[PDB]
Structures are given as C-alpha cells and as structure tokens.
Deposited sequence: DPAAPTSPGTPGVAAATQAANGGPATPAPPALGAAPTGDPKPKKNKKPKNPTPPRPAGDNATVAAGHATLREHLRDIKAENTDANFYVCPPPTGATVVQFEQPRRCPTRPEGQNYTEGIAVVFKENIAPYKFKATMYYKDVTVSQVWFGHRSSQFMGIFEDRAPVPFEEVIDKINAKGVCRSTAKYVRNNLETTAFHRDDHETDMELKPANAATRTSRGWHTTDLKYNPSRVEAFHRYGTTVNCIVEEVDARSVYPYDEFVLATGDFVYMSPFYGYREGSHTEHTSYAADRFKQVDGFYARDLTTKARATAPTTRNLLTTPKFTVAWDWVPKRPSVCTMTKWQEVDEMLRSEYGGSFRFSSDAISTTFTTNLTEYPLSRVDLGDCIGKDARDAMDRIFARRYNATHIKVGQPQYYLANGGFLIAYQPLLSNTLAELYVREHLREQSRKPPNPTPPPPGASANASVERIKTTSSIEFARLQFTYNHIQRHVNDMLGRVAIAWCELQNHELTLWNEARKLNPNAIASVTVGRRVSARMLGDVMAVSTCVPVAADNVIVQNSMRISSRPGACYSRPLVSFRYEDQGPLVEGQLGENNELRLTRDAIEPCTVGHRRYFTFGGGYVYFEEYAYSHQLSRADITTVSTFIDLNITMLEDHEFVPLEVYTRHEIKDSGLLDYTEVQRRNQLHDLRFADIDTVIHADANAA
C-alpha cells in the first residue's frame, strides 16, 4: 500500500534472455611500443660567424703643416688678410735619413701641389734640420710628434701687406682600418688611402690593389725603426711599406693577406655538441647555450670559402684544447674534423667522438665520417629561432616520451582488466553486462558467450511495497528481499514481483529464506533506500544519510592557462641610434643650413 518517496529514478523488468542476441567481450588489443631511442653522437663543435670586424692594423703618418699668413698693418692695430693653410708629405728620403735616423726634420717642405712643385721655408729663412719633440699629451691620444709649436707671421712694417711662412713637420701614430676586399684603407684621421695594406713586391703582393703611381710606394727591406721618444732601434727588422699621398706619407709594416685576414670569426666553443640525424639533416644540440642547429648531410668545402684560413687554425686549436682537459682519458677522435653549413649561416666545425666503452664500433662510424664529403657567407644577427628550435625540441620529447609511455601502460591495463570483467560477468551478469552494452538489460552465459535481453522501464510512482515480508503459508520461512507490486504505463493492470538488485523487477518470488532473528536490512528502493526492520517495512530513505565511501581513485588535472607575451626590447633602435655622440647627418643638415639662416643668398649689388 506504500508508494515511493523519491521518483528521480526508473525501474526495470528483466525477463530472462532466450539466446536470440549474442555478444562477446572484445579481445586484448595490441599495445604500441616506445621508439628504439634516438642515437646521439658525441663531438666537439666550434661555431664561426660572418666576420663583420674591419681588418685593423697600426701605422704612422708623416706630414708637414704648411701655413702662409698675410697681414695688413694699421696705426694702432692689425689684421689677417688671408691665412692659406696647406698640408704636405714628408718625402720618402727624409723619412729615412732625418726622422728615422736622428729624430730630425727639414725646416723646409718640398712637394707637388696643383701639377706644380712648391717650396716652403719655415720663417722664410734658410733651411735647417729640426728635432722632433713629443706632442702635447692629451686624454686618450695616440703618440704624436712635431717640429715647432709657434706659427710665423711677417714682422711689422706699418701700412703694408707682408707675407710669412710656417712649417711644422708632424709625425703621429694612427689606427688604420680596412674591409673586404681590402683594396683600400682609412686612417684614424679620416684620410682614406686607396691601396691595399697587403700591397708590396714580395711574394705576389704586387697584384694587390693600388690607385697610385709607382713612385709613391717604396717598400723597404730589412727595416729597424728608431723610436722617436726612447730613441731606441728596433731589435727586429720589418718589411716597411711607405705610400706618399698628395697630403701625407703613410707607412706600415707589410704582412701577407691570407694569414692576416679571415672572413669568419670563432664565436662559440662547445664541449658537448650532440649530433643526430633527422630526415636528411643534422641537429647540433648544445645544452650549454641552449641552441640546436640544422644542416645538410654532406659537408661544406672550405676551399669554396673566400679568405678563410684562420678558420683552420682557430678550430683545431680548440678541439685539441678541449679533448685535452676533457677527452684525454675518456674518448677518442673519430675521423678528421668535419665542416657543415647551418641555417641562418653559421659555420660549424665538428669532431665526432666515441667513449672508451664502444671502442669496438670505431671501424663502422669512421666510414660514416668520410661519407660526409669562391664566395662568402651571410649570417643573421638573431640566434633565437635556434634556441626556440632547441627549447621546443627539448620539450617536444619529454612530453611525448612520458605521454607515450602512459599510452602503453594503458593498453596493457585495459587488456589486463578484461580478466576481471570476465570473472565478474559469471557472478553478476545483469550488472556486468549492462555497463558493457551501455543499456540496462539481463543476460545469461550460453557457455563461453553472453545472451542478452533488454529490461522494460517502469516509473517510480507506479511502485508499491508491502509493509511486511513474513510468510504465513510457510512460517519460519520468509523472503530475503521486500515484496512489491507495480504497473506498466499508468492505466495498465497491476503486477506483483519480488524486489531485486539495483531496482530489477523479478517476475518470480522464489528468493525464499528461513526466517531469523536480528534481521535488519536496507534495500535500494527508488532514488534511495527502504529500511525493513525484522521482516517488516519501517520507512524509506534518501541516499544522502548513508555514509558514502569511494572505490574511485582521484586525479586532479588542471589545464595550462593562456599567457600573453608582451613585446620586449632592452634597447630600442631609437636609443641604439641616439647613443652615438655625434650624428653626421644631423651635423650636415644643420651646418649646411648656415647660409640660409644667417645670410643673404641671392642679393646682388653693383
């Protein structure tokens, strides 16, 4: 006579299957396997970069400031009518006999200006040899020497225009700088020089560039310089180039072009540079600098490189030094040092290696080193793409390694679990089966197979319980589970059955049991429970009350949340530009406006 308290569930009549429909538990699947593991070859690496450093060398300038001053005299004053200042070369001979020999210098200048030979006499007086005194010391200045420090104008002869000459033999060490092709260089003064620093006579150095005549250059063999301050003769000789331009006479110690120059610079040395082979490329991993390189499989011809001899010396010099401190007692060099080109344009020198362990493998890999086998290379300033490559790769693996491993433990588990479901199905088919089919049913074991038949739904408001459970027709023998009556649909007849497990509606009431004392049980009725006390209904219940426990194992996985990368520079191109103390462009844009701003440019009088 008693209904249900909560109807947020559904009942099901489970008529035994006939065998019509038959299923089977899916057999174990085949589990994936971890890759054979990447093979990393050890090897010392050296990375060269496009040398943007100008070739630098030292030199010395020899010239004479020639200044002629004209003056007009007044009754109680005077004025410069014109100061015509000029700068003349110190003839080759004077540079050797006077300056280099005795630290002296002629009081005259003698050179060619405007297709003509002029001659200046200091103070318009007879010629003399004057000693060279050091120039005034100044903050951050190369060494400088000169003849006199006082100019010379005409002696007073009132109401007249007189002329006065001033000669100052100046010599100072400067810094010259040349760039590829090295067919011309510049001094610290700004004076350009249109000859190769490597020009000369010895050893084919005469095919170097010169835009000058032949009587201007004079290479001196076996040359000992006499310092102009300490006055000491050089202990060793040099081959000395001496060029004489219309404005000055440069000189410098001649050296060969190939050894003194190189279009590449040793940039990064790497102890451990892992080399691997991925789909027709080599990945040079450097854990140290966090950088991975991508190259081709075949080497790169050094001979194809324009002026790149330092590379050889530079590289080997390092691979030896490293092999020493490190590989001297653990590894061995494999094949000769190899050279490959990387994306962006970084030249990489490599020396494959093997530990004393795998000594037995030398033979094979040695061949693999040999199977690897006039312009200039352009390199990028940004090495981020590689560190991205490195960082991404480094992570691409771990994630896939761990997640890959996980995948396998899983497959093995599901297959491993089958064992249990198999046993469980025999025990409680109606329960195990349902889950598996996805729908609520009833099933039986036709040997080694299952045969299922669906269970018909029944609303809860169509279910009644009997206030008792005792049998009178068999006293001392009651039912193990509560008695109930139910309805199909709403207007259909009323049926009676015995309450089963998990709201099954059993058509039979053969689940009998010899009555006993201390009989107390809870039976899942509706969306909750029904507590019968001593073979008699007591009251229903919600599932909330009954203390809940868990067969589930928890796992708290949050997701990785978004993040914005703000554009960030340490120094903007604006700062970088501003940093410069002087700006040529600005200086000219300003200075060249002078006559527009401060003067009249078109006005003419007659």
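- Coordinate coverage of the deposited sequence is interrupted at 1 to 75, 449 to 464, 698 to 703, where no C-alpha atom was modelled.
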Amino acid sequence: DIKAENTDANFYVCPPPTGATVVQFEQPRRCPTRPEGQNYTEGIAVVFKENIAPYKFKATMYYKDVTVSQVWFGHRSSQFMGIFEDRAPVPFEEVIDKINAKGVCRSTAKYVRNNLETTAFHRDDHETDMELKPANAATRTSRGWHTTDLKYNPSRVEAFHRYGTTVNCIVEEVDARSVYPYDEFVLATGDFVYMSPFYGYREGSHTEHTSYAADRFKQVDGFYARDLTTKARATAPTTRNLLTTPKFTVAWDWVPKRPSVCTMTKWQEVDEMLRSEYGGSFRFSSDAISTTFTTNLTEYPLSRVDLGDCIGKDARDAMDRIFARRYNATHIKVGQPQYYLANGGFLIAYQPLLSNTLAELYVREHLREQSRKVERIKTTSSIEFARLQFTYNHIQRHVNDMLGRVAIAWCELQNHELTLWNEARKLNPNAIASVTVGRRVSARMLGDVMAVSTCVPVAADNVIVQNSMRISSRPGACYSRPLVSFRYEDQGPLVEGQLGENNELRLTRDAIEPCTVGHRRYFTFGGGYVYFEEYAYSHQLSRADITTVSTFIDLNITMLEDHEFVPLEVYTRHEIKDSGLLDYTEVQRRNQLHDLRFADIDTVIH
From here on, numbers count along this sequence of modelled residues.
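- Here the stretch with the larger average CA B-factor, out of 252 to 260 and 448 to 456, is 448 to 456.
- Comparing 278 to 286 with 392 to 400, the stretch with the higher mean C-alpha B-factor in the PDB entry is 278 to 286.
- Out of 168, 415, 430, 379, it is 430 whose C-alpha atom has the highest B-factor in the PDB entry.
- Highest C-alpha temperature factor among 129, 423, 504, 208 per the entry: 504.
- Ranked against the other modelled residues of its chain, the C-alpha B-factor of residue 599 as given in the entry falls in the lowest third.
- When all modelled residues of the chain are sorted by CA temperature factor, residue 340 is found within the highest third.
- In the deposited entry, the Cα temperature factor of residue 122 sits in the bottom third of values across the chain's modelled residues.
- In the deposited entry, the Cα temperature factor of residue 138 sits in the middle third of values across the chain's modelled residues.
- Ranked by Cα temperature factor within the chain, residue 584 sits in the lowest third according to the deposited record.
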